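Structural overview
Letter by letter, the chains look like this.
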Amino acid sequence: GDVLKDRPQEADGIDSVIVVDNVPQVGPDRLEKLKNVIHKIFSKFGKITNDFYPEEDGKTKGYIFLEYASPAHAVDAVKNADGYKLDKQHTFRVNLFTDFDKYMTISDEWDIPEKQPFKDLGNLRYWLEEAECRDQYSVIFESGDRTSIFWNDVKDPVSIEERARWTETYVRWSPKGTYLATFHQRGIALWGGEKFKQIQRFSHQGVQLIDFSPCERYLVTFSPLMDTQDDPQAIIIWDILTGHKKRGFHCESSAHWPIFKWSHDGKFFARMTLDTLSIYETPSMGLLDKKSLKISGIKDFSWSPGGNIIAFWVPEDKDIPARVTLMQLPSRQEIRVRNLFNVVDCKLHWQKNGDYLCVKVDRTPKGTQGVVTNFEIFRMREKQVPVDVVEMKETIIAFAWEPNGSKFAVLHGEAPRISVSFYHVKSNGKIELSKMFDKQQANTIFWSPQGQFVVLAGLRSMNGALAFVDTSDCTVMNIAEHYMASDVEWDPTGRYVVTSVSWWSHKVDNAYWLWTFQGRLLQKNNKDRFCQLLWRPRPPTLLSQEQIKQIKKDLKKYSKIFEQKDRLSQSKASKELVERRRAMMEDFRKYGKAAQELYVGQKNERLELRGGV
Amino acid sequence: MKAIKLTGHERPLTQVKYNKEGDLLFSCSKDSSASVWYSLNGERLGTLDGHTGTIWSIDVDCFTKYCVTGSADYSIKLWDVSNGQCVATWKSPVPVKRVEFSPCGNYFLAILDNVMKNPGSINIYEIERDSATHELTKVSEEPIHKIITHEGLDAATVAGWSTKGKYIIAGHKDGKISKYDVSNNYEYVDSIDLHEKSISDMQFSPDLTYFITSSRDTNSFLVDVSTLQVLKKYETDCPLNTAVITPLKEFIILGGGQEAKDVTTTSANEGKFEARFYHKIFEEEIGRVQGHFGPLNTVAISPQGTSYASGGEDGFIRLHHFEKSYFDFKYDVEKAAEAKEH
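The rules behind these values
Residues numbered from 1 in each chain as written, not as in the entry; some residues may be left out. Chains lettered and ligands numbered in written order. Heavy atoms only, no water. Helix = DSSP H or I, 4+ residues; strand = E, 2+ residues; numbered from the N terminus. Rg over C-alpha atoms; globule rule 2.2 N^0.38 Å. Buried < 20%, exposed > 50% of the residue type's maximum accessible area, 1.4 Å probe, protein only. Axes fitted to C-alpha atoms, helices over the stretch in contact; angles between N-to-C directions. Parallel < 35°, antiparallel > 145°, perpendicular 65-115°, else oblique. Left-handed = near helix turned anticlockwise from the far one by under 90°. Contact = heavy atoms within 4.5 Å. Nonpolar A, V, L, I, M, F, W, Y, C, P; charged D, E, K, R; others polar. Pairing = 2+ DSSP bridges. Core = buried A, V, L, I, M, F, W, Y, C linked by side-chain atoms within 4.5 Å. Buried area = accessible area lost by both parts, 1.4 Å probe. Salt bridge = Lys/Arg side-chain N within 4 Å of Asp/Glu carboxyl O. Polar contact = N/O pair within 3.5 Å; in protein donor to acceptor, adjacent residues only side chain to side chain. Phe/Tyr/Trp six-rings, centres within 6.5 Å; stacked < 30°, edge-to-face > 60°. UniProt positions renumbered as here; feature names shortened; annotations may be inferred. 1 Å grid on protein atoms, 1.4 Å probe; cavity = no way out; pocket = protein on both sides within 12 Å on 5 of 7 lines; lining within 4 Å. Points joined across faces, edges and corners; volume = space filled by probe spheres on them.

Helix and strand counts for chain B come out as two helices and 29 strands. Computed over C-alpha atoms, the radius of gyration of chain B comes to 19 Å, within 12% of the 20 Å expected from 2.2 N^0.38 for 342 residues, which places it in the range of a compact globule. Principal axes of the C-alpha set define a box for chain B whose edges measure 55 × 50 × 40 Å. Relative to its full complement of 342 residues, chain B shows a buried share of 58%.

Two elements in contact, helix α6 (residues 578–603) of chain A and helix α2 (residues 332–339) of chain B, have axes whose closest approach is 10 Å; the angle formed by their N-to-C orientations is 55 degrees. Relative to α2(B), the element α6(A) lies oblique. Between α6(A) and α2(B) lies a crossing whose hand is right-handed. For the pair α6(A) and α2(B), contact is made by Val578(A), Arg581(A), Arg582(A) and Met585(A) and by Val333(B), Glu334(B), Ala336(B) and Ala337(B), respectively. When grouped by side-chain class, the residues that make up the contact of α6(A) with α2(B) number five nonpolar, no polar and three charged.

Residues and elements named next belong to chain B. With antiparallel pairing, the four strands of this open sheet are ordered in space as β15-β16-β17-β18. Among the strands making up the open sheet, the edge pair consists of β15 (156–161) and β18 (187–193). Put simply, the sheet's adjacent strands are angled 20 degrees from each other on average, direction ignored. Two strands pair when backbone bridges link them, and strand β16 (residues 167–172) and strand β17 (residues 176–181) are joined in this way by five bridges, in the antiparallel orientation.

A few words now on the nonpolar core. Residue and element names in this part refer to chain A. Counting 19 residues, the largest nonpolar core has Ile18, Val20, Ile38, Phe42, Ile64 and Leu66 as the members making the most contacts within it. Looking at this core, the elements with two or more residues in it are β1 (17–21), α1 (30–41), β3 (63–68) and α2 (74–80). The residues touching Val20, leaving out its near neighbours within four places in the chain, are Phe42, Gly62, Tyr63, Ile64, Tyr84, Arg93 and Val94. In this structure, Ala322, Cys346, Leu357 and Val385 belong to the second largest nonpolar core, which totals 17 residues.

In this assembly, 31 residues from chain B lie in contact with 32 residues from chain A. Carbon and sulfur atoms supply 58% of the area that chain B and chain A bury against each other, a total of about 2,900 Å² over both sides. Broken down residue by residue, the surface that chain B buries against chain A is led by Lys324(B), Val333(B) and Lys335(B), which jointly contribute 22%. Counting the contacts that link chain B with chain A gives three salt bridges. One salt bridge in this structure joins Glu605(A) and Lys164(B), with 3.3 Å as the shortest N-O distance. Across the contact surface, chain B and chain A share 13 residue pairs in polar contact.

A word on the environment of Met104(A). Relative to the assigned elements, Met104(A) resides in the loop between β4 (93–95) and α3 (118–129). Sequence-wise, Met104(A) and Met436(A) are 332 residues apart; in three dimensions their C-alpha atoms are separated by 77 Å.

Let's shift gears to the packing of aromatic side chains. All names here are of chain B. Throughout the structure, instances matching the rule amount to 55 aromatic pairs over all chains. Between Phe251 and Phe329, the ring centres sit 5.8 Å apart and the planes meet at 75 degrees, which makes this aromatic pair edge-to-face. One end of the pair, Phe251, is in strand β24 (residues 251–256); the other, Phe329, is in the loop between α1 (324–327) and α2, with 78 residues separating them in the sequence. The class for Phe251 is buried, based on a relative accessible area of 2%.

Residues and elements named next belong to chain B. UniProt records the feature "repeat: WD" at residues 8–47, 50–89, 149–190, 194–233 and 291–330, using the numbering of this structure. With 0% helix and 57% strand, the stretch residues 50–89 has end C-alpha atoms that lie 10 Å from each other. The straight-line gap between the two end C-alpha atoms of residues 149–190 is 14 Å; of that span, 0% is helix and 52% is strand.

With that settled, the discussion passes to the pattern of salt bridges. All names here are of chain A. Applying the stated criterion across every chain, the model contains 72 salt bridges over all chains. Its salt-bridge partner being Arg146, residue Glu162 comes within 2.6 Å of it at the nearest N-O pair. Here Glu162 is found in strand β7 (residues 159–164), whereas its partner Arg146 is found in strand β6 (residues 146–152), with 16 residues between them in sequence. Like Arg146, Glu162 is buried. Of the charged contacts, one joins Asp388 and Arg379 as a salt bridge, the two residues approaching to 2.6 Å between their closest N and O atoms. Take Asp388: its relative accessible area is 7%, and that puts it in the buried class. Three or more residues joined by partner-sharing salt bridges are found here, namely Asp355, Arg379, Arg381, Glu382, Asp388 and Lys430.

This part takes up the pairing of strand β21 (residues 309–314) of chain A. All names here are of chain A. When you tally the buried positions in β21, you get six out of six residues, the bulk of the element. Residues of β21 alternate between two faces, with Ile309, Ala311 and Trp313 on one and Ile310, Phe312 and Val314 on the opposite face, all of them buried. Summarising the sheet, strand β20 (residues 300–303) and β21 pair through four bridges and their orientation is antiparallel. Within the sheet, the bridge partner assigned to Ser302 lies in β21 and is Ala311. In this structure, β21 lies alongside strand β22 (residues 323–328), joined through six bridges in antiparallel fashion.

All names here are of chain A. Under the definition given, this model contains four cavities of 30 Å³ or more. There is about 80 Å³ of room inside the largest cavity. As for the largest cavity, its lining consists of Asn123, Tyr126, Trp127, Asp135, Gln136, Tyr137, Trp151, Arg536 and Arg538. Those elements giving two or more residues to the lining of the largest cavity turn out to be α3 and β5 (135–141). Classifying every residue of the lining of the largest cavity gives four nonpolar, two polar and three charged. If you add up the space inside the second largest cavity, you get close to 60 Å³. Along its surface, the second largest cavity is lined by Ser138, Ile140, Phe150, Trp151, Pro157, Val498, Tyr512, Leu514, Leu533 and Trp535.

Before going further, it helps to examine the sheet that holds strand β8 (residues 171–173) of chain A. All names here are of chain A. Strand order in the open sheet made by the four strands is β8-β9-β10-β11, with antiparallel pairing throughout. The open sheet terminates on both sides in strands that have one partner only, identified here as β8 and β11 (197–202). Going across the sheet, the axis of each strand differs from the next one's by a mean of 30 degrees, ignoring polarity. Judged from the three bridges that link them, β8 and strand β9 (residues 180–182) form a sheet pairing that is antiparallel. Considered in β9, the bridge of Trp173 is made with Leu180.

Spelled out as structure tokens, the structure:
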């Protein structure tokens, strides 16, 4: 009962006896009134057959014992309910007194056959062992009714597996490619191990969003379809290392996913209430400082890649003119605020290392127009966060930073084709316009992870519309097809571009297109009801000053050390039993040319290997 | 590939065929009605009813306007594909074992079996067609020519037309192939002696300039039309009923098998009559595709090379759609040579 250390037994004891604790305490009428309530509450398990109401040193009686003609109903009875509640402190607390034949002293404990980091090796390991020559792993929705696995073998993508109905909606990679997150409508699964099976699965239905912390430790699941799974905790956070639901947070209405945003380290997690920013903390998903930050009018918020900072912004809110705020955490201080004044919208673009925050700002004159776009760049390594005001120009529709660097590319509207502007860092300081190119169909700027190559893409156009630029000093290499292009992705090290046409987006061609950085198409493979393509992530495993030095070793001119040896190995792959088969192929092409000739001459017919359109 | 199973026929299959655009599949069996199926999903479009005997052969014209059937009931029928009605019947003094349209649809040949005292023959019929609608205007009750079993050969069992209808190629019950010159009043041109058993199938490449033979003697030969040179030999340990040349890829599909008879089959081993894929040029077995409960009697490939169908002595048709692993299947020297292009 009453003592602040007191509890019922923590497992079942002997089967036959009811122990109920913190009963209605003795006083006027209460003693016989206790029987009067007990023989209604406990009579639904069967009729009371013995009752024992002891007293102890003359102190008021906290517990009673009850027995039944069928005794083994008692083990159900103290499982069937606990906590049923009468007056005052009387909240009936149920147990069976201790076993005396069995004991709880030591067990066999707990096996695990394998865990998550094995298929991190089953990314890197496979990249070493496998013979080819020379690239990335997929990740294809489309060939056939199957979720399917491919390499990039230069000649074709070779298919490794095609698995029938693996996902019931969409399939998502883990950040290093370690797990595959597969949606099943009866619970999200993490498919692990080298040959792919479920190692972990999380029961949440109504889910459509299924995304990781960027450091692979936590999974966040969101149901836009309410069930009674959520009630009403629709944002559910699952810990991958334990395998457990750590939190649910109640549902949402605004805006784009992720609505709940992680820091880079995965230390902090947060969501906006419009009148208050709430900040939640790893490892247990607590509440930082035991507080939430009462700041009003926030229109979006973006975490820095650098430890540990949020950029957020407020438009004109009643008494408050518009501003962009840089806030440091866990201190929670608005370290750099700049009021921007009379803005239709703004977009907050971090550089990839946290070095700079560029803000794209659209300002309003008294005619109520989006008259001019400005670029204003905060510098975060530099003392007291100085600000590069850079640009003034008409209708900027896109902006993108150089990955891992400091250059950027910009698109302007209404000329009447889209104009492209290119920006570099000056040796005297400041970042400034350096080049432009004539107006085009490109609406999307998509840069290589290796910094040099930028794609200018007219996504969701029937034709053309992909243009390719090498950088520094931005020079156009190539322009190519992709009929009804929707989807676009790069190799993590910038060698290959893949672009696709999802059947969710478009239905006049449906395909994936695979292309080498140069201006050489590898292949385009039409696919019958094409759903999706995603490369498996492959981060460079370690990086260091000596690796950065080895990259500079040949000083710039040409080099001839590696590729010529791989081409020599490929040249060896045309030899030894190979020669007889090369001869066969040849003899066949010749036989065919001979008949091809004769038929053109004799009856004017062109031979073929498939029935023409 | 993915396979689904079409059931309609309760009797052993005798022939399956795709149409020119590869969206319909036609089949006949030892039942007296033929079926038409959508090749996309295996849905049954309808049936061809009117024969009273096994239908041995079915063919569909290049327009998909008519199909023709040959029957054990001693008749050939011409059917209108859009309503399934019979528009012409010819009576035969003997069963008809095979029928095929000329490449442009104005003639069909029919193999008349050598039964009772008939020596057998390949009959050629003419369909005069409206040049716009390709509907028929006239059929004659007589064939316009009869190639009677040539002196020294046994009766023909299979026949087809080469490119532009300039030759008829035939296979015979004594393992020979013979060739007839259509311009020159179908005169005998030449023959080769290939198999120790009857020729059980013969099918053409997509351009009709070469063909592939099969026999229950376990061998299959790829043969050039103009020379009758044998180009390739595929050697098996299995009696063959049927064979095809694939479009798109350089593959051959062969099919046959030996009925089990007296030996017990376990549930683990049930459903293992297969089609064998060979590389056309290297003559090497590259795959076996299981699924049938008795010998394969007929195989057909779509002209787009994107699916194939097989019909079994088990009374089922398995319909196969190729997947990405099939389209990308390549020997190392084939990857090399395809890249040498650029």
